[PDB]
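Which chain is which? They are A, B, C and D, in the order written, and residues in each are numbered from 1.
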Amino acid sequence: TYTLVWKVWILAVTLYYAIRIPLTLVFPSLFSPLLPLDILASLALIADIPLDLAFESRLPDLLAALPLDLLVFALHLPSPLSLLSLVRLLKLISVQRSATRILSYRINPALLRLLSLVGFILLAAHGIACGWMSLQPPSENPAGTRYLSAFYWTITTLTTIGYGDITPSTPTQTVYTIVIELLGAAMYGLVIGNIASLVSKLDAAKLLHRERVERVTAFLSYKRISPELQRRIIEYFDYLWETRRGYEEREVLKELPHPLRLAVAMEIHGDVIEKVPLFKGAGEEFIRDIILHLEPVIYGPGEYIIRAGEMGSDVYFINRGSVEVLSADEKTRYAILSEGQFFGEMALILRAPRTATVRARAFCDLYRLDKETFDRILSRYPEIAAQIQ
Amino acid sequence: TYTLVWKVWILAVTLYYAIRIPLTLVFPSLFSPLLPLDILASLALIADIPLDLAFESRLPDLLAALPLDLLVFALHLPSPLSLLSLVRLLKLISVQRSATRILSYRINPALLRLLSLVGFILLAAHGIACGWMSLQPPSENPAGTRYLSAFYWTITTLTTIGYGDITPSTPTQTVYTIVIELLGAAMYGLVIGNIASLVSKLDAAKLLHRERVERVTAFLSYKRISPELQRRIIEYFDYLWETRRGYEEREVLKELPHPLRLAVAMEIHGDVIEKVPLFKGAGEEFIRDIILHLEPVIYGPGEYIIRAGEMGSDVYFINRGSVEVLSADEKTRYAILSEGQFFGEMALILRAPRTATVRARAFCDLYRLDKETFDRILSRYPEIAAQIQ
Amino acid sequence: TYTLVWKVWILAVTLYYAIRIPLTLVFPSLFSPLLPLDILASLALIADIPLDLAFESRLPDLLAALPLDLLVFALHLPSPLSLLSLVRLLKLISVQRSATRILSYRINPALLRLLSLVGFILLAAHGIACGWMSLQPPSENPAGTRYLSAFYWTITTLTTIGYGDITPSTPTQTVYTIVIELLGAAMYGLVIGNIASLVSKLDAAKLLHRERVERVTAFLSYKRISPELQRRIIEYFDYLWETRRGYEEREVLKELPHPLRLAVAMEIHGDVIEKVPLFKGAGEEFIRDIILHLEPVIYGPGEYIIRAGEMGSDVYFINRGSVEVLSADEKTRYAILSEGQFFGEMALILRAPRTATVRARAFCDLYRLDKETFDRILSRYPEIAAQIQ
Amino acid sequence: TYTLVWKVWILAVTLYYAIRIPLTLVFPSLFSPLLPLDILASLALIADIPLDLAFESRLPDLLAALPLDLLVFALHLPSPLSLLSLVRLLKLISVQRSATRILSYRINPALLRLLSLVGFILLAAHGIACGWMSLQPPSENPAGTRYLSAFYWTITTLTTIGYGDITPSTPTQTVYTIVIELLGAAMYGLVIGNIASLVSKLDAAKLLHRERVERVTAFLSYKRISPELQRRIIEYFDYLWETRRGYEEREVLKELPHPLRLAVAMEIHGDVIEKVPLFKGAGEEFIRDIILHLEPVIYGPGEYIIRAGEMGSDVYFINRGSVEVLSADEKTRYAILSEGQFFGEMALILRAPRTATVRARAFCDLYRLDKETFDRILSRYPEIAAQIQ
């Protein structure tokens, strides 16, 4: 758990190198003031190059391990022989790999890639400003002012803005500006593509539900469906989006493995069947088997779950909604059933027409178990089929 | 239902603050002329900060509740001590959250996010123009003209255009222009990504049908399918796209819950089975059970639904098309069947070869019920199996 | 079929209006030279406004029907009272709707939307150049040269390039340039989004096959699969992509309706079962029923379809590949089977171990029919079960 | 295998032509110095135009075959009559087609299209620089310097940067700059769209797993699932992503054909059933049949695979994890089972309650075979049902 601070320190030291080595390349009078920090960074990299193998393609790390920057700056080598100090930025590839490895589970990978690209773009802009120094004619200008001008020019170039108040004056400056132009176009396209990918998946669930509703309502309007049924279906879809975020229970449950799905079924509806008087005198295997076959169904307000006098082969367990039960002819209210309650128990023990109708008060979700699955389950458990009969 | 006008008023007051507080920061001679509106806005925010809890992360609302802007403007504090008045824009986050909460169901969420980003970009452009005032050297220029120049510069920057006729002249102006450059690149990328996400889902159904047709025709061309069958399949796909928008009936129906699917089946084909002479003397449960197993099939023009003399185990209910019936050898036209009619009733009561052939005149859609599902349904209802036999 | 030329003429006349009315607004000395074309266009629009109801939201058409442009130009009304002539561009909305309606089936809808946006952008650029005339100070410059300058400026603005050699000089010019800046950013974002949507679906099948291969090979590498089996699976996937474009036969077939799927099965494998000696003395219903249950399987080179001495319950019909049959111990080659041939016929008439092994020479695709479906089919046709026994 | 070097040579020769013919159009004093290379390229194209038919829409190849460039340059034809030499770039279309044909399987097609577009954009930029020469006024400037200026201008235009330090001065230059402006906007939009398409599919598997986890956890949080079960499910999903990259075994296996799936089952679990004492004295057909019905299930740490005293109808084969077995009441550890081992063998030979419980130590993956599939398999093989009983 203590490797996170070490990785953060590696981030800090590699950013310090990325900001320092091109500035020191530009200004030779910068090696000595930051010499202690430079040697500290070098020894940190040396001590980190074996530490990567502990608690874990490695060519960039090896290239950025040995200190080329110290030799070229101490010897005051010319620019072609000092451009080899730029190998310290090979640490950035391994840093980005480690960052994607450590915090991918906590941060959206598209957003993480976008922030990594933004940081790399800022570092590249600093490097391009330093390169702009390398070709700008010498002048009696403060280092801060000329760095501000170079950073302004490179930020104008990368963002494809092109004010034109800072333009090349020498052929080498023109070649460098063409290269930076192409690089800035490439990274601006990368930024826009990353933003587009992030945005297109920002509301994936909402868009999925929207197209789900649109296709259903278009199909219904083709089939000449009355506005009442259309409004009821739209209200059901709105309730589904507001409660389950438009996710069907069956699709989510089947995507889980057998033991996790069994535990989920336990926690969702084990109490509601534990209240059930019929299923006592039975082992936990029978309970798990019957609740693994509970098919959820959502009933809107004013909908008839069943009709009295009809055959009936289903048993319903209320999960989160509230539902009312009326008489056979639906004049008087027998009782009120809420979460944790169940009805239709008479259908399991006897094959006779139902006694009373039950209608949903509001949007209620309940689990329906047909007689086929119940008979299949009790067939595997003859000892349970005795007392129920 | 009266909270919509209150939310609209909150929108208006927060936009007024967003347009006012930076302008008043720029021009000190603006606090007094808009003092009544300022105090009205302040009292509206104070009265709204408890109203959010009624009829419903809250840190921005609390930050934007108390009036920092009134204190700094009355005391004429310097710019570093008056930048704290910008906390009133924390109301914008809650405003955007409320806007996404209230009208997401009525407006495409991608388009809603795009418009919200456009409005925020306009407000940010106004703020950036005000900041451009804050660093522009003082001059004897009208407020309108200098605001027009600043807004022109910031709109040029944000849209990544960069005319260059308005460029920084001071180092602080250069730093501010770099910051605004990065911000404008970021928001232009955001705009382009939002537009790309909106466009990619503009014709999701049409693109789905297009790739559906393309894969089918490529597979058929691989299998050496004659141009006649290819043209017939293409015509069927065109009819499907023009009627059902390329949506299969089974996929749409199975995506609905059991009661809503039952009601949809009711409205689609309850009349066509109510005409059916065979199914009278039966309860509504049997009707719902049989029509819940009706598998829709689309028959193109000139296609043979069945052949006379063949065994036959299907019954078809015309839904929206028109179909013709010929003789066994197909010389004479027996009759014409249209929407609401049905044929194949003889197969349900007797297992004998069919008497006559039936061929589709135009593109007709009808529901086919095989003998297996019918026998399964009537087995559950022995009382219905009596009169049918 | 003669409405296509009329729609093309409407396209030409509305483009002529879009290019003419702003130019004539800019140059008052342009109404008379194009007066015959103007009145011809007006009468064409008048005669077309009832023709839309024949052989087929209509508010833009009604607005663009009556000739506001003729009145304002003849009366030489000022700019605020002549801006009402721009209602003729309301014809563009109906033109775009008709274009999307007529040729959506022949041209990729994303590409069609991109071209429509490009044309609208060109027309808008012409209009913006005309507006640039409307605010440019009067000068002794040729109309062609000033139009070229205005079009250059507007094309620079819309493409977010911003050279800056043409910049506003008056406050009204600055406001117009800000508006055109925002519009150009919006339409450039629209162009980029349309291009991104078009590109993301350019290789949908290829990308689907690529991710299909990648997930399979990653899962196999996780399960420690030898390089031989990995190479065989990669070769099979390459063959599948090169022949069927990565589309599984079952997925394509099940996406078709029952009669079209039956006809496809007819054309694919009716000859190969017509050669089959066992299935003669049988009606076409039995043939269609058995071939509707043919499950396709792809066998790579060197793969064992079955093994001699094993029980065996499958019959295979070669479709497009070439396959060889060896002895029971696989020393001698019994024969060579090609497209249109079949083997495994002994398993249908007798439940005994197979006599010889059969191995694929090259990548061969054949249809496998297990004994379960065959027994189910022949059970429905007892008259066919006689001679086969 | 020797056609790859020929295709590379064609690439080199067509790039040489693309860089040469516009430069020679600009500078008439360039035909003679590169005459041997020109005639070598011409003869290479002539010898390649029949070679395309060997070891394989052809109109561009025929157009670019015959040497129009040699005639116009030798005759020193004017620009309108020498623009016909640009037909040599028709070779680029066939080159791109061949490149997409040869290395699509080895390189991501989106990335390949992006690189092809980048190369075409560089060639077009060179051509646009040459066209900029064609309209630039003659001056005593070195060819290198003026080419650098033209390339700088065209790169500024295409990347939508627009510095403005190089602007048109003549009407023809203005028209050319407008055309290049539109072309640069189009290709920049193409680059951004290609980058967006590449990025959106960079982490398709990771994004799929992320949305899989998000929908599951949202559904569970809706159903009031305790943080313990939520954490267990999150840990299982993390393990699944880290091992199988979030791919379910069933989905991957069913996407393979029957023989390849059979071979995969062989290699995955043939040894673990070869250790099994019960299944000896059985043929390979029975082994393949039983292992083709092995349903994989993933059990997290601390999870109960079965419970002692319960009926039990499953047999589990450990594949990659490690699992422990305890007593019936779970006080003592019976043994330790690892990869290649199996338990639950008693359920196959006798229908009695299980003797001991088995719980997973760490995340273990094992294949569960229920009694239904085993009974179905052994029913087809009566000779195997003897010794097992």
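Methods note: a contact is a pair of C-beta atoms (placed from the backbone, for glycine too) under 8 Å apart; a residue touches a chain by one contact, two chains touch by 3 or more.
Composition by chain, UniProt nomenclature: A, B, C, D = Transcriptional regulator, Crp/Fnr family.
Of the two interfaces, A-C and A-B, the higher number of touching C-beta pairs belongs to A-B. Note: centroid distance chain A to chain B, computed from Cα atoms, is 22 Å.
In terms of their C-alpha centroids, the spacing between chain A and chain C amounts to 31 Å.
In chain B, the residues that touch at least two other chains are 160-164, 188, 192-193, 196-197, 200. Viewed as a network of touching protein chains, the structure reduces to a complete graph with every chain in contact with every other. Annotation, chain-chain contacts: A-B, A-C, A-D, B-C, B-D, C-D (touch as defined at the top). Residue ranges of chain C in contact with chain A, taken from their complex: 160-164, 192-193, 196.
Chain B makes touch with chain C in their complex at residues 144-145, 148-149, 151-152, 155-156, 158-165, 188, 191-192, 195-200, 202-203, 206-207, 210-212, 214-216, 218-220, 222-223, 225-226, 229, 232-233, 236, 238, 248, 297-300, 303-305, 307, 310-311, 313, 368.
On chain D, the positions that touch chain C within their shared complex are 104-105, 108-110, 113, 157, 160-164, 167-168, 171, 174-175, 177-178, 181-182, 184-186, 188-190, 192-194, 196-197, 200-201, 204-205, 243-245, 247, 249, 252, 255-260, 263-264, 267-268, 283-285, 319-320, 380-381.
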